[PDB]
Number of protein chains: 2
Amino acid sequence: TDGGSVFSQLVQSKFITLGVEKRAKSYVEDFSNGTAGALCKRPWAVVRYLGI
Amino acid sequence: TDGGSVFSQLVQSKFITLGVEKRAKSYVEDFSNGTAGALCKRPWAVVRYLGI
C-alpha cells in the first residue's frame with residue numbers, strides 16, 4: 001500500500017523557531033529540530049561490501 | 001441605611017490576573033486575590049457555646 005522506499009529518512013522538522021526574548025540591552029532566540037534516523041524496509045534489495 | 005445582616009464578609013476581589021511574562025521556551029502567569037475577614041456589626045444577636 002505504501003511506496004517502494006527501500007531506505008527512508010524519518011525527519012519530523014528541520015528548523016523551528018522556539019521564540020524571541022527581548023531584554024533591556026540584548027535579545028535571545030532559540031531554534032530546534034527533530035529526527036528519527038533511517039529505516040530499512042526491504043532488506044532483500046541491499047548489497048554491501050566491507051573492504052573497499 | 002444599610003443591609004444589616006449582622007455578619008459580613010469583606011472581600012476585595014475573588015480572582016485577578018497580574019501579568020504575563022513570555023520567555024524563549026516557556027511562559028509564566030500570576031494571579032492574586034484580596035480579603036479582609038469577617039465583621040460582626042450587631043453583637044447583640046449572637047449566642048455561642050464553648051463546649052459542644
# chains A, B, ... in the order shown; residues from 1 in each chain; ligands from 1

call {"tool": "closest_atom_pairs", "arguments": {"of": "chain B", "to": "chain A", "cutoff": "12 Å", "atoms": "only C-alpha atoms", "output": "JSON lines"}}
result
{"residue": "B:21", "atom": "CA", "partner": "A:21", "partner_atom": "CA", "distance": 9.9}
{"residue": "B:22", "atom": "CA", "partner": "A:21", "partner_atom": "CA", "distance": 7.4}
{"residue": "B:23", "atom": "CA", "partner": "A:21", "partner_atom": "CA", "distance": 5.6}
{"residue": "B:24", "atom": "CA", "partner": "A:19", "partner_atom": "CA", "distance": 4.8}
{"residue": "B:25", "atom": "CA", "partner": "A:18", "partner_atom": "CA", "distance": 6.3}
{"residue": "B:26", "atom": "CA", "partner": "A:19", "partner_atom": "CA", "distance": 9.0}
{"residue": "B:27", "atom": "CA", "partner": "A:19", "partner_atom": "CA", "distance": 10.7}

call {"tool": "residues_around", "arguments": {"residues": "residue 34 (chain A)", "least_positions_apart": "4", "cutoff": "9 Å", "atoms": "only C-alpha atoms", "output": "PyMOL selection string"}}
result
chain A and resi 11-15

call {"tool": "select_by_dssp", "arguments": {"residues": "chain B", "states": "strand (DSSP E or B)", "output": "number ranges by chain"}}
result
B: 7-22, 27-40

call {"tool": "write_last_selection", "arguments": {"atoms": "C-alpha atoms", "output": "compact mmCIF listing (two decimals), in the first residue's frame"}}
result
# COMPACT_ATOMS: atom_id res chain seq x y z
CA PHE B 7 -22.31 39.38 59.93
CA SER B 8 -20.46 40.40 56.78
CA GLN B 9 -17.50 39.08 54.80
CA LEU B 10 -15.28 41.80 53.33
CA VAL B 11 -13.81 40.54 50.05
CA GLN B 12 -11.91 42.99 47.85
CA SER B 13 -11.66 40.57 44.91
CA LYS B 14 -12.03 36.87 44.16
CA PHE B 15 -9.62 36.41 41.25
CA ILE B 16 -7.49 38.85 39.22
CA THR B 17 -4.55 38.47 36.86
CA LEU B 18 -1.37 40.49 37.36
CA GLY B 19 0.66 40.00 34.19
CA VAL B 20 2.13 37.57 31.69
CA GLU B 21 5.85 37.03 31.11
CA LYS B 22 6.87 35.19 27.94
CA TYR B 27 5.77 31.49 29.88
CA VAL B 28 4.61 32.39 33.39
CA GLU B 29 1.29 33.82 34.57
CA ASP B 30 0.42 35.19 38.01
CA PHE B 31 -2.83 35.66 39.93
CA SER B 32 -3.92 37.20 43.22
CA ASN B 33 -6.91 37.95 45.43
CA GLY B 34 -7.79 40.03 48.47
CA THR B 35 -9.92 39.71 51.58
CA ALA B 36 -10.40 41.32 54.99
CA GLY B 37 -12.09 38.61 57.07
CA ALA B 38 -15.40 38.63 58.92
CA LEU B 39 -17.02 41.56 60.73
CA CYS B 40 -19.72 41.39 63.42

call {"tool": "calpha_fit_and_write", "arguments": {"fixed": "chain A", "moving": "chain B", "output": "CSV table (one decimal) with N, CA and C atoms, in the first residue's frame"}}
result
chain,number,residue,atom,x,y,z
B,1,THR,N,0.4,-0.4,-0.7
B,1,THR,CA,-0.2,0.7,0.0
B,1,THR,C,0.8,1.7,0.6
B,2,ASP,N,1.9,1.8,-0.1
B,2,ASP,CA,3.1,2.5,0.4
B,2,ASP,C,4.0,2.9,-0.8
B,3,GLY,N,4.9,3.8,-0.5
B,3,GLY,CA,5.8,4.2,-1.6
B,3,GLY,C,6.9,3.3,-1.9
B,4,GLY,N,7.1,2.3,-1.0
B,4,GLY,CA,8.3,1.4,-1.2
B,4,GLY,C,9.6,2.1,-0.8
B,5,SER,N,10.4,2.4,-1.7
B,5,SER,CA,11.6,3.2,-1.6
B,5,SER,C,12.7,2.5,-0.8
B,6,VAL,N,12.5,1.3,-0.3
B,6,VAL,CA,13.5,0.5,0.4
B,6,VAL,C,14.0,1.2,1.7
B,7,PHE,N,14.7,2.3,1.4
B,7,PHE,CA,15.2,3.2,2.5
B,7,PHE,C,14.3,4.4,2.7
B,8,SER,N,14.3,4.9,3.9
B,8,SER,CA,13.5,6.1,4.2
B,8,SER,C,14.2,6.9,5.3
B,9,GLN,N,14.2,8.2,5.3
B,9,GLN,CA,14.7,9.1,6.3
B,9,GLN,C,13.5,9.7,7.0
B,10,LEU,N,13.4,9.5,8.3
B,10,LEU,CA,12.3,10.0,9.1
B,10,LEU,C,12.7,11.3,9.8
B,11,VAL,N,12.2,12.4,9.2
B,11,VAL,CA,12.5,13.8,9.7
B,11,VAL,C,11.2,14.4,10.2
B,12,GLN,N,11.2,14.7,11.5
B,12,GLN,CA,10.0,15.4,12.0
B,12,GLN,C,9.9,16.8,11.6
B,13,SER,N,11.0,17.5,11.6
B,13,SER,CA,11.0,18.9,11.1
B,13,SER,C,12.4,19.3,10.8
B,14,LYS,N,12.5,20.3,9.9
B,14,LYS,CA,13.9,20.8,9.5
B,14,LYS,C,14.3,22.0,10.3
B,15,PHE,N,13.4,22.9,10.6
B,15,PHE,CA,13.7,24.1,11.3
B,15,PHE,C,12.5,24.8,11.8
B,16,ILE,N,12.4,25.0,13.2
B,16,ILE,CA,11.3,25.7,13.8
B,16,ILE,C,11.9,26.6,14.9
B,17,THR,N,11.1,27.6,15.2
B,17,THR,CA,11.5,28.6,16.2
B,17,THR,C,10.7,28.4,17.5
B,18,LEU,N,11.4,28.5,18.6
B,18,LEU,CA,10.8,28.2,19.9
B,18,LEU,C,10.2,29.5,20.5
B,19,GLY,N,11.0,30.5,20.7
B,19,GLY,CA,10.5,31.7,21.3
B,19,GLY,C,11.5,32.8,21.2
B,20,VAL,N,11.1,34.0,21.6
B,20,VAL,CA,12.0,35.2,21.6
B,20,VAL,C,11.9,35.8,22.9
B,21,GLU,N,13.1,36.1,23.5
B,21,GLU,CA,13.2,36.7,24.8
B,21,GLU,C,13.9,38.1,24.6
B,22,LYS,N,13.3,39.2,25.0
B,22,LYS,CA,13.9,40.5,24.8
B,22,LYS,C,14.3,41.0,26.1
B,23,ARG,N,15.5,41.5,26.2
B,23,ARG,CA,16.1,42.1,27.4
B,23,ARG,C,16.4,43.6,27.2
B,24,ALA,N,17.0,44.2,28.3
B,24,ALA,CA,17.2,45.6,28.2
B,24,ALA,C,18.1,46.1,27.1
B,25,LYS,N,19.2,45.3,26.9
B,25,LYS,CA,20.2,45.7,26.0
B,25,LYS,C,20.5,44.7,24.9
B,26,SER,N,19.7,43.6,24.8
B,26,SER,CA,19.9,42.5,23.9
B,26,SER,C,18.7,41.7,23.8
B,27,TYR,N,18.7,40.7,22.9
B,27,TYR,CA,17.6,39.7,22.8
B,27,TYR,C,18.2,38.4,22.3
B,28,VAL,N,17.4,37.3,22.6
B,28,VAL,CA,17.9,36.0,22.4
B,28,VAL,C,16.8,35.2,21.6
B,29,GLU,N,17.2,34.5,20.6
B,29,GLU,CA,16.2,33.6,19.9
B,29,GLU,C,16.8,32.2,19.8
B,30,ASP,N,15.8,31.3,19.8
B,30,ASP,CA,16.2,29.8,19.9
B,30,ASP,C,15.5,29.1,18.8
B,31,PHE,N,16.1,28.0,18.3
B,31,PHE,CA,15.6,27.2,17.2
B,31,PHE,C,15.9,25.7,17.6
B,32,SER,N,15.2,24.8,16.8
B,32,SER,CA,15.3,23.4,17.1
B,32,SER,C,14.9,22.6,15.9
B,33,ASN,N,15.2,21.3,15.9
B,33,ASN,CA,14.8,20.4,14.8
B,33,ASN,C,14.6,19.0,15.4
B,34,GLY,N,14.1,18.1,14.6
B,34,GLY,CA,13.9,16.8,15.0
B,34,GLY,C,14.1,15.8,13.9
B,35,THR,N,14.6,14.6,14.2
B,35,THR,CA,14.8,13.5,13.2
B,35,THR,C,14.8,12.2,14.0
B,36,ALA,N,14.7,11.1,13.2
B,36,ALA,CA,14.7,9.8,13.7
B,36,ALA,C,15.6,8.8,13.1
B,37,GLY,N,16.4,9.3,12.1
B,37,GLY,CA,17.4,8.4,11.5
B,37,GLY,C,16.9,7.8,10.2
B,38,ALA,N,17.6,6.7,9.8
B,38,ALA,CA,17.3,6.0,8.6
B,38,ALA,C,16.6,4.6,8.9
B,39,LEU,N,15.7,4.2,8.1
B,39,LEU,CA,15.0,2.9,8.2
B,39,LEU,C,15.1,2.1,7.0
B,40,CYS,N,15.4,0.8,7.1
B,40,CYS,CA,15.5,-0.1,6.0
B,40,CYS,C,14.2,-1.0,6.0
B,41,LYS,N,13.4,-0.7,5.0
B,41,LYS,CA,12.1,-1.5,5.0
B,41,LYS,C,12.1,-2.7,4.2
B,42,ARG,N,13.1,-2.8,3.2
B,42,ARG,CA,13.2,-4.0,2.4
B,42,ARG,C,14.7,-4.4,2.4
B,43,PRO,N,15.1,-5.2,3.4
B,43,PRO,CA,16.5,-5.6,3.5
B,43,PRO,C,17.0,-6.6,2.4
B,44,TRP,N,16.0,-7.1,1.6
B,44,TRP,CA,16.4,-8.1,0.6
B,44,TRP,C,17.0,-7.5,-0.6
B,45,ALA,N,17.1,-6.2,-0.7
B,45,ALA,CA,17.6,-5.5,-1.9
B,45,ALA,C,18.9,-4.7,-1.7
B,46,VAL,N,19.6,-5.1,-0.7
B,46,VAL,CA,20.9,-4.4,-0.3
B,46,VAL,C,22.0,-5.4,-0.3
B,47,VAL,N,23.1,-5.1,-0.9
B,47,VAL,CA,24.4,-5.8,-0.9
B,47,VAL,C,25.5,-4.9,-0.6
B,48,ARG,N,26.3,-5.1,0.4
B,48,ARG,CA,27.4,-4.2,0.8
B,48,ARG,C,28.6,-5.0,1.1
B,49,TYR,N,29.8,-4.4,1.0
B,49,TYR,CA,31.1,-4.9,1.2
B,49,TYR,C,31.8,-4.2,2.3
B,50,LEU,N,32.5,-4.9,3.2
B,50,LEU,CA,33.2,-4.3,4.3
B,50,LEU,C,34.5,-3.6,3.8
B,51,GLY,N,35.4,-4.4,3.2
B,51,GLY,CA,36.5,-3.8,2.6
B,51,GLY,C,36.1,-3.1,1.2
B,52,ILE,N,36.9,-2.1,0.8
B,52,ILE,CA,36.6,-1.4,-0.4
B,52,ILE,C,35.2,-0.8,-0.5
